[PDB]
Amino acid sequence: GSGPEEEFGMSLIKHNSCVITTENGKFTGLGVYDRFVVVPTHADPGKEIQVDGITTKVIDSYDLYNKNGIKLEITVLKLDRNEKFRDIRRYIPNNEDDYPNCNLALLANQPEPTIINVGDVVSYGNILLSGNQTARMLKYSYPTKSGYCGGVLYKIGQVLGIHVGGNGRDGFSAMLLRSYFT
Ligand SMILES: *[C@@H](O)[C@@H]1CCC(=O)N(C)CCCC[C@H](NC(=O)c2cc(C)on2)C(=O)N[C@@H](Cc2ccc(F)cc2)C(=O)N1
């Protein structure tokens with residue numbers, strides 16, 4: 001793609017993504033609004049992180065859980081930094097759904113901002129991700145790689161999830177829902 005789906009993704013990368021460095025490596029971070037960023041929980045961000053290489057204090061953080069206490073693999077961080085992210089909450093769905101023809105927007109661990117077409121996405125339920133129960137997964141059939149974590153799953157005008165894992169054949173994102181941020 002070089003048309004609208006790719007273009008919406010590149011704009012999303014430029015305005016609402018960042019590279020988050022923790023002790024566990026580099027992750028694509030999604031800026032949701034103001035100083036709030038999401039990252040995969042397994043990034044294990046501490047009291048300080050790097051945001052695009054800049055040491056940055058985390059004012060607060062919290063992990064998300066489903067109704068039975070199962071991790072969603074999303075962590076919300078509020079960052080001590082001057083820059084504010086453009087508010088993309090209106091692009092986040094209200095409800096779980098399936099989505100045809102999705103892309104992933106990748107920044108961390110890539111030589112340049114990268115957009116991948118992962119194809120059709122389904123709401124898959126709970127999985128075991130490195131042995132740990134994880135809820136509200138979105139599944140796609142694409143051979144994702146180790147550096148894709150935090151990558152933003154999207155369609156035009158829809159910010160759907162963040163990449164959390166895979167097995168070489170299937171890829172999984174944590175679902176983003178508007179109520180998490182509102
Ligand atoms: C990013 O940090 C990384 C992305 C890896 C990836 O996309 N890929 C193909 C590498 C293989 C990783 C092996 C794990 N996969 C699974 O467990 C799995 C389950 C199913 C149904 O399909 N695959 C995996 O993805 N692990 C992630 C780290 C993690 C650790 C603990 C958790 F609770 C959650 C995630 C991972 O390596 N993601």
Side-chain angles (χ1 to χ4, degrees), residues 12-13 16-85 88-89 92 104-111 113-114 116 118 124-140 142-154 159-168 170-182:
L12 191 66
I13 290 172
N16 288 85
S17 76
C18 62
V19 179
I20 301 294
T21 309
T22 69
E23 292 69 13
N24 294 337
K26 297 184 186 177
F27 299 85
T28 296
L30 170 70
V32 182
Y33 78 105
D34 285 349
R35 282 77 170 222
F36 297 101
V37 176
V38 296
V39 294
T41 299
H42 75 261
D44 202 16
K47 315 327 181 161
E48 281 157 21
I49 60 170
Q50 300 175 43
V51 180
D52 299 326
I54 303 300
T55 299
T56 301
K57 293 170 81 157
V58 174
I59 294 165
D60 59 67
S61 61
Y62 48 98
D63 300 342
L64 309 189
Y65 302 86
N66 84 347
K67 67 188 188 173
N68 295 323
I70 301 305
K71 288 180 166 187
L72 303 183
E73 255 319 278
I74 295 165
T75 297
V76 180
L77 309 178
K78 188 189 191 181
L79 301 177
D80 184 21
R81 74 200 290 258
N82 190 52
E83 184 174 340
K84 290 178 173 162
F85 289 107
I88 53 75
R89 290 178 290 179
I92 302 175
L104 213 47
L106 306 171
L107 186 63
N109 314 114
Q110 312 309 307
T114 295
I116 296 310
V118 299
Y124 201 63
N126 291 23
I127 71 179
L128 295 173
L129 203 52
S130 306
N132 300 125
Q133 294 204 37
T134 308
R136 302 187 188 155
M137 299 281 85
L138 294 169
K139 179 183 141 157
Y140 27 101
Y142 187 92
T144 63
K145 302 184 181 191
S146 48
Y148 286 23
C149 286
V152 184
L153 189 70
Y154 83 92
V159 173
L160 301 178
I162 61 173
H163 183 81
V164 300
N167 56 23
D170 297 325
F172 299 92
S173 282
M175 192 179 293
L176 296 167
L177 299 177
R178 201 170 316 146
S179 62
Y180 297 167
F181 307 109
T182 296

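The first residue of the sequence shown is numbered 1, and numbering continues consecutively from there.
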When you look at CD1 of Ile54, are more than 12 heavy atoms from neighbouring residues, nucleotides or ligands closer to it than 6.0 Å? no
First locate atom OG of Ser61, then atom CD1 of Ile49, and finally report the distance between them rounded to the nearest 0.5 Å. 9.5 Å
Indicate the atoms forming the closest heavy-atom contact of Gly29 with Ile20, along with that distance. CA-CG1, 4.0 Å
Within the structure provided, determine whether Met137 and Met175 are in side-chain contact (heavy-atom separation under 4.5 Å). no
Could you walk me through whether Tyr148 and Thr28 satisfy the side chain to side chain contact (heavy atoms under 4.5 Å, CB included) test, starting with their C-alpha distance in whole Å, then the side-chain angles of each, then the deciding distance to 0.1 Å, before giving a yes or no? CA-CA 8 Å; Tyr148 286 23; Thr28 296; over 6 Å; no
Of all heavy-atom pairs between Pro40 and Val164, which one has the smallest distance, and what is that distance? CB-CG1, 4.2 Å
Calculate, to the nearest 0.5 Å, the distance between atoms CD1 and CD1 belonging to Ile127 and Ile70 respectively. 12.5 Å
Just how far is it from atom NZ of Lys26 to atom SG of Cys149, taken to the nearest 0.5 Å? 15.0 Å
Close side-chain approach of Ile74 to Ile162, heavy-atom, < 4.5 Å: yes
Checking side-chain contact (heavy atoms from CB on, under 4.5 Å) between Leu77 and each of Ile59, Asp60, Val39, which is the one that passes? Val39
Using atom types as modelled and distance alone, determine if a side-chain donor or acceptor of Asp80 lies under 3.5 Å from a backbone N or O of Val58. no
Check for me whether the distance between the ring centres of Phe36 and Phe85 falls short of 6.0 Å. no
Any side-chain heavy atom of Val19 within less than 4.5 Å of one from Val51? no
Go through the structure and list residues passing side chain to side chain contact (heavy atoms under 4.5 Å, CB included) with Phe181, not counting sequence neighbours. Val32, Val38, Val76, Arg89, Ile92, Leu176
Could you grab the distance from atom OH of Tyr142 to atom CD1 of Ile116, nearest 0.5 Å is fine? 4.0 Å
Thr134 side-chain N/O to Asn132 backbone N/O, donor-acceptor pair under 3.5 Å: yes
May I ask you to decide whether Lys139 forms a salt bridge with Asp170, counting only side-chain N to carboxylate O separations under 4.0 Å? yes
From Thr55 OG1 over to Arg81 CZ, what is the distance, rounded to the nearest 0.5 angstrom? 12.5 Å
Show the nearest heavy-atom pair for residues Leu104 and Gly151, with the distance to one decimal. CD1-O, 3.6 Å
With a 4.5 Å heavy-atom cut-off, do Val159 and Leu12 have their side chains touching? yes
Within the 4.5 Å heavy-atom criterion, are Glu23 and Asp44 side-chain neighbours or not? no
Side-chain contact, heavy-atom cut-off 4.5 Å: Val118 with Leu153? yes
Decide yes or no on side chain to side chain contact (heavy atoms under 4.5 Å, CB included) for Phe27 and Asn109, but give the supporting numbers first. CA-CA 8 Å; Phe27 299 85; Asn109 314 114; over 6 Å; no
Looking only at heavy atoms, what is the nearest atom pair of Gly171 and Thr144, with distance? CA-OG1, 4.1 Å
Would you kindly say whether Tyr140 and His163 are connected by a side-chain donor-acceptor distance under 3.5 Å? yes
With a 4.5 Å cut-off on side-chain heavy atoms, are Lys47 and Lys57 touching? no
Ignoring hydrogens, what is the shortest heavy-atom contact between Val37 and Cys18? Give both atom names and the distance. CG1-SG, 4.3 Å
Looking at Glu73 and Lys71, is there a salt bridge between them, counting it only when a charged N and a carboxylate O are closer than 4.0 Å? no
Residue pair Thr75 / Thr41, side-chain donor-acceptor N/O under 3.5 Å: yes
Any side-chain heavy atom of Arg136 sitting closer than 4.5 Å to one from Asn66? yes
Can you name the closest pair of heavy atoms from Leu107 and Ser17 and give their distance? CD2-OG, 3.4 Å
If I take atom OH from residue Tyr65 and atom CG from residue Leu72, how far apart are they, to the nearest 0.5 angstrom? 9.0 Å
